[PDB]
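*Asks:* Starting off with a structure, shown below.
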Amino acid sequence: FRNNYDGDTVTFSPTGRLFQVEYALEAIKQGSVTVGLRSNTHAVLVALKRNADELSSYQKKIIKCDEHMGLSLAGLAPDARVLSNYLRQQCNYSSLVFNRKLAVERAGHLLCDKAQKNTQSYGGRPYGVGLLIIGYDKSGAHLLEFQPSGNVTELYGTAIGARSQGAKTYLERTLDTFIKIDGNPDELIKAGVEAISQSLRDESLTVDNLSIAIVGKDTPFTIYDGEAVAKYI
Amino acid sequence: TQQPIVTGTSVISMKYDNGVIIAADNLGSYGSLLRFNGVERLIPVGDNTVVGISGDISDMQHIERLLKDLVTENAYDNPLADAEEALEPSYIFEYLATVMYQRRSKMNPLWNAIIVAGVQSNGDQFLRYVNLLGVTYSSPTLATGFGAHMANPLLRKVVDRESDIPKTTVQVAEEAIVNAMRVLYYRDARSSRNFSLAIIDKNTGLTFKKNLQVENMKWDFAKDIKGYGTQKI
């Protein structure tokens, strides 16, 4: 079965599945966990950075796409660089040409369409990385979840990566609570760290291990690492 | 590089306390032949923007088609197309400006002079000019071609500097502009007596007046004038 229908993205299995796409989705699960959640004034990204050795650094997992947009990655880092770079250009284009900031919902559509092209043609490969996009635009705070399949969804919160299910249930529970953390970033961030620690197991989030990013009403997308996140551990 | 054929003359405009006014006659000249009389050179875009165009008419019609498409395109996958994500006057302008400059840089311009008038979502007045060279500028009053020499001096007697805007009412403004149209009919050999006028008020919205006419002209003193110096009868 599968073995005969998973040699490339251009082949459908007898049940209508696309194994290469599914194998790509697998790379995400093997990726370190990252969380995203938003109130009505802010959007936050909390990501667990993973290290190779104890002599190595903890790979950055958050990328800023513009002053009002950014994302967190889970999976093949190179593919996030490509996709975020494309998102950076799209935001730049909107500004230069229309003097308009790119809608978070529009960015989602653009990512979906770029990912889709890599799942219908011979020769390419699907992207092997998941992305959580947060941003504040003309309609408020936003959070998006991007899957290599090309599926992008808008949510109040979510998590992707290994053991992500922990944080996801926590948020699906804490919903009514954090969705109202308006005008208080610190509270939103803490709620983010509390959701992410719901997916821990190995260790505990440390200073050079935790990575947080926030954006909102009067807050340009900014990234906090190390000492700067100490007050949240 | 080209040469205009069918052309539209002046486009005059100014801003008042609650919005902006813009006008243009209905003529499409062909050299010295006043060939076409039912030409509308004022292009409304949505209900907060009016684009006035002078210059080559064939290119104007092309700018028209571009503007219709912008509206269509903006609607695509945009649940807020008639709300928070509708086209702002500044978006319309930046787009056109971009095109005008690209076209001159390719040595194949859109032979026009454009004035984009409108009200931004936050109530601000918007008045900016762009032409075949891609040159752009803003001023409390703006006019193209002939109206730059004759209309601006009049309109500027009402709104000489920024601080005069809040002191200028729609009545005073529309009056200034209607008088300017008469003066242009007096001294511009490529003008028509019929014209269109449009108001974009942050409270009353967009008011588009068609089929106006220069009225209350002074010609009686013409009878007292005979010869060109010494002739008595």
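Identifiers in the structure tokens: chain A, B, ... in order shown; residue index from 1 per chain; ligand index from 1 in order shown.
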Select all residues from chain A having any atom no more than 10 Å from an atom of chain B (counting only C-alpha atoms, ignoring ligands), output as a PyMOL selection string.
*Replies:* chain A and resi 94-100+103+105-106+109+137-139
*Asks:* Do you know which residues are at most 6 Å from stretch 165-169 of chain A counting only C-alpha atoms, after dropping those on the same chain fewer than 4 positions away, and could you put them as an mmCIF file with C-alpha atoms, in the first residue's frame?
*Replies:*
```cif
data_model
loop_
_atom_site.group_PDB
_atom_site.id
_atom_site.type_symbol
_atom_site.label_atom_id
_atom_site.label_comp_id
_atom_site.auth_asym_id
_atom_site.auth_seq_id
_atom_site.Cartn_x
_atom_site.Cartn_y
_atom_site.Cartn_z
ATOM 1 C CA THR A 158 -3.244 27.064 19.865
ATOM 2 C CA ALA A 159 0.027 25.141 19.926
ATOM 3 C CA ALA A 195 -0.173 26.926 28.471
ATOM 4 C CA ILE A 196 3.264 26.049 27.144
ATOM 5 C CA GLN A 198 1.455 22.148 29.923
ATOM 6 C CA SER A 199 3.563 20.467 27.233
#
```
*Asks:* Restricting the calculation to only C-alpha atoms: of A:32, A:177, A:9, A:118, which residue gets closest to residue A:52?
*Replies:*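 Of the candidates, the smallest distance to residue A:52 is held by A:32.
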*Asks:* Per DSSP on the backbone, filter stretch 19-224 of chain A down to the residues in alpha helix (DSSP H) and report them as a ChimeraX atom specification.
*Replies:* /A:19-29,77-98,104-117,164-178,185-196
*Asks:* Can you pull out the residues contacting residue A:46? Cut-off 8 Å, using only C-alpha atoms, and skip same-chain residues under 5 positions away; I want them as a ChimeraX atom specification.
*Replies:* /A:34-36,189,192-193,196,210-213
*Asks:* If you measure from atom CA of residue B:18 to atom CA of residue B:145, what distance in Å do you get, rounded to one decimal?
*Replies:* 26.5 Å
*Asks:* What's around residue A:178 at 8 Å? Count only C-alpha atoms, leave out sequence neighbours fewer than 6 positions away in its own chain, and write the answer as a count of residues only.
*Replies:* 4
*Asks:* Quick one: pull the distance between atom CA of residue B:19 and atom CA of residue B:200, Å, one decimal.
*Replies:*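 According to the coordinates, atom CA of residue B:19 and atom CA of residue B:200 are separated by 5.5 Å.
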*Asks:* Taking the DSSP secondary structure from the backbone, can you list the residues of stretch 14-189 of chain B that are strand (DSSP E), as a PyMOL selection string?
*Replies:* chain B and resi 14-16+19-25+28-30+33-36+42-44+49-56+112-119+125-131+136-137+141-143
*Asks:* Output the selection as a short mmCIF file (atom, residue, chain, number, x, y, z; two decimals), in the first residue's frame - N, CA and C atoms for each residue.
*Replies:*
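The result, written out as out20.cif:
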```cif
data_model
loop_
_atom_site.label_atom_id
_atom_site.label_comp_id
_atom_site.auth_asym_id
_atom_site.auth_seq_id
_atom_site.Cartn_x
_atom_site.Cartn_y
_atom_site.Cartn_z
N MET B 14 -10.06 71.53 -3.59
CA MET B 14 -9.65 72.18 -2.35
C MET B 14 -10.30 71.45 -1.19
N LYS B 15 -9.76 71.64 0.00
CA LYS B 15 -10.36 70.99 1.15
C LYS B 15 -10.98 72.02 2.08
N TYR B 16 -12.07 71.65 2.74
CA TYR B 16 -12.75 72.53 3.69
C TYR B 16 -12.82 71.82 5.04
N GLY B 19 -14.44 68.17 4.71
CA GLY B 19 -14.11 67.29 3.61
C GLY B 19 -13.35 67.97 2.50
N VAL B 20 -13.58 67.52 1.28
CA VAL B 20 -12.90 68.09 0.13
C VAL B 20 -13.87 68.21 -1.04
N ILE B 21 -13.59 69.15 -1.94
CA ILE B 21 -14.42 69.34 -3.12
C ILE B 21 -13.48 69.19 -4.31
N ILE B 22 -14.01 68.71 -5.43
CA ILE B 22 -13.22 68.52 -6.64
C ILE B 22 -14.12 68.67 -7.85
N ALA B 23 -13.62 69.33 -8.90
CA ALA B 23 -14.41 69.52 -10.11
C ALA B 23 -13.60 69.44 -11.41
N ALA B 24 -14.30 69.21 -12.53
CA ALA B 24 -13.69 69.10 -13.86
C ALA B 24 -14.78 69.20 -14.91
N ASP B 25 -14.53 69.97 -15.98
CA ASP B 25 -15.55 70.11 -17.01
C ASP B 25 -15.70 68.82 -17.80
N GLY B 28 -13.64 66.70 -23.98
CA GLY B 28 -12.58 65.83 -24.45
C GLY B 28 -12.16 66.49 -25.75
N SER B 29 -11.13 67.33 -25.68
CA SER B 29 -10.63 68.04 -26.86
C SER B 29 -9.75 67.19 -27.75
N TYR B 30 -9.67 67.57 -29.01
CA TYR B 30 -8.85 66.86 -30.00
C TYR B 30 -8.05 67.96 -30.69
N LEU B 33 -9.98 71.21 -31.82
CA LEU B 33 -11.37 70.80 -32.05
C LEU B 33 -11.98 70.33 -30.74
N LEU B 34 -13.05 70.99 -30.30
CA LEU B 34 -13.71 70.61 -29.06
C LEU B 34 -14.63 69.45 -29.40
N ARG B 35 -14.01 68.32 -29.73
CA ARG B 35 -14.70 67.11 -30.16
C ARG B 35 -15.76 66.41 -29.31
N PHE B 36 -15.44 66.04 -28.08
CA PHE B 36 -16.40 65.31 -27.25
C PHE B 36 -16.92 66.06 -26.03
N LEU B 42 -14.33 62.74 -13.67
CA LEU B 42 -14.31 62.54 -12.22
C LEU B 42 -14.71 61.09 -11.96
N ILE B 43 -13.78 60.31 -11.39
CA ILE B 43 -14.01 58.90 -11.13
C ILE B 43 -14.18 58.57 -9.66
N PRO B 44 -15.41 58.25 -9.26
CA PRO B 44 -15.59 57.93 -7.85
C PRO B 44 -15.11 56.51 -7.60
N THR B 49 -13.90 58.37 -1.97
CA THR B 49 -12.86 58.79 -2.89
C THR B 49 -13.34 59.16 -4.28
N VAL B 50 -12.81 60.26 -4.80
CA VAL B 50 -13.10 60.69 -6.17
C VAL B 50 -11.77 61.03 -6.83
N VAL B 51 -11.51 60.43 -7.98
CA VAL B 51 -10.26 60.67 -8.69
C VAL B 51 -10.53 61.56 -9.90
N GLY B 52 -9.94 62.75 -9.92
CA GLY B 52 -10.11 63.66 -11.05
C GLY B 52 -8.93 63.50 -12.01
N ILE B 53 -9.21 63.33 -13.30
CA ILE B 53 -8.14 63.11 -14.28
C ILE B 53 -8.11 64.08 -15.46
N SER B 54 -6.92 64.58 -15.77
CA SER B 54 -6.76 65.47 -16.92
C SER B 54 -5.66 64.88 -17.80
N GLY B 55 -5.65 65.25 -19.06
CA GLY B 55 -4.64 64.73 -19.94
C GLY B 55 -5.25 63.85 -21.02
N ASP B 56 -4.49 62.84 -21.43
CA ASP B 56 -4.94 61.94 -22.47
C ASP B 56 -6.14 61.11 -22.01
N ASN B 112 -1.19 61.84 -18.07
CA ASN B 112 -2.19 62.54 -17.29
C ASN B 112 -1.65 63.30 -16.11
N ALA B 113 -2.56 64.03 -15.49
CA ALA B 113 -2.31 64.79 -14.27
C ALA B 113 -3.53 64.35 -13.47
N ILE B 114 -3.29 63.81 -12.29
CA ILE B 114 -4.35 63.30 -11.44
C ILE B 114 -4.44 63.92 -10.04
N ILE B 115 -5.67 64.10 -9.58
CA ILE B 115 -5.91 64.63 -8.24
C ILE B 115 -6.82 63.62 -7.55
N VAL B 116 -6.37 63.08 -6.42
CA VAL B 116 -7.19 62.13 -5.67
C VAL B 116 -7.73 62.86 -4.45
N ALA B 117 -9.05 62.95 -4.38
CA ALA B 117 -9.71 63.65 -3.29
C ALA B 117 -10.59 62.69 -2.51
N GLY B 118 -10.57 62.84 -1.19
CA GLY B 118 -11.40 61.97 -0.38
C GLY B 118 -11.22 62.14 1.12
N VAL B 119 -11.96 61.32 1.86
CA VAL B 119 -11.91 61.33 3.32
C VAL B 119 -11.47 59.97 3.86
N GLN B 125 -9.07 64.62 5.82
CA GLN B 125 -9.27 64.96 4.43
C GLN B 125 -8.05 64.47 3.66
N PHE B 126 -8.26 64.06 2.42
CA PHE B 126 -7.14 63.59 1.61
C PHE B 126 -7.18 64.28 0.26
N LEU B 127 -6.07 64.94 -0.06
CA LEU B 127 -5.96 65.64 -1.32
C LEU B 127 -4.51 65.56 -1.78
N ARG B 128 -4.26 64.78 -2.82
CA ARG B 128 -2.90 64.67 -3.33
C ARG B 128 -2.90 64.56 -4.85
N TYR B 129 -1.83 65.06 -5.45
CA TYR B 129 -1.65 65.10 -6.90
C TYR B 129 -0.52 64.20 -7.40
N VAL B 130 -0.71 63.60 -8.58
CA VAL B 130 0.31 62.76 -9.20
C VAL B 130 0.18 62.95 -10.71
N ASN B 131 1.29 62.97 -11.44
CA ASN B 131 1.25 63.16 -12.89
C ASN B 131 2.11 62.19 -13.69
N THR B 136 4.60 63.92 -7.10
CA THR B 136 3.46 64.03 -6.20
C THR B 136 3.61 65.14 -5.17
N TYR B 137 2.48 65.72 -4.78
CA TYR B 137 2.47 66.75 -3.76
C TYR B 137 1.07 67.03 -3.23
N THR B 141 -5.12 73.38 -1.57
CA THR B 141 -5.80 73.48 -2.86
C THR B 141 -4.88 72.85 -3.91
N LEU B 142 -5.47 72.27 -4.94
CA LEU B 142 -4.69 71.65 -6.00
C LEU B 142 -5.45 71.75 -7.30
N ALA B 143 -4.75 72.08 -8.37
CA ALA B 143 -5.36 72.19 -9.68
C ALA B 143 -4.35 71.72 -10.72
#
```
*Asks:* So that I can see what lies close to residue B:176, please list as a ChimeraX atom specification the residues with an atom at most 10 Å from it, counting only C-alpha atoms and leaving out residues fewer than 3 positions away in the same chain.
*Replies:* /B:13-14,151,154-158,170-173,179-181
*Asks:* Applying 10 Å and only C-alpha atoms, which residues near stretch 216-224 of chain B remain after dropping the ones on its own chain fewer than 3 positions away? List them as a list in words.
*Replies:* residues 179, 182, 183, 185, 186, 213 and 233 of chain B
*Asks:* Counting only C-alpha atoms, which of A:30, A:174, A:88, A:135 gets nearest to residue A:154?
*Replies:* A:135
*Asks:* For each of B:166, B:199, B:225, B:192, take the minimum atom-to-atom distance to residue B:211, counting only C-alpha atoms, then give the residue where this is smallest.
*Replies:*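 Going through B:166, B:199, B:225, B:192 one by one, the smallest distance to residue B:211 is for B:192.
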*Asks:* Set the distance at 7 Å and use only C-alpha atoms: which residues neighbour stretch 105-108 of chain B once local chain neighbours fewer than 2 positions away are removed? I'd like the list as a PyMOL selection string.
*Replies:* chain B and resi 1-2+101-103
*Asks:* Enter the distance from atom CA of residue A:122 to atom CA of residue A:86, in Å, rounded to one decimal.
*Replies:*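 Value for the atom CA of residue A:122-atom CA of residue A:86 distance: 21.9 Å.
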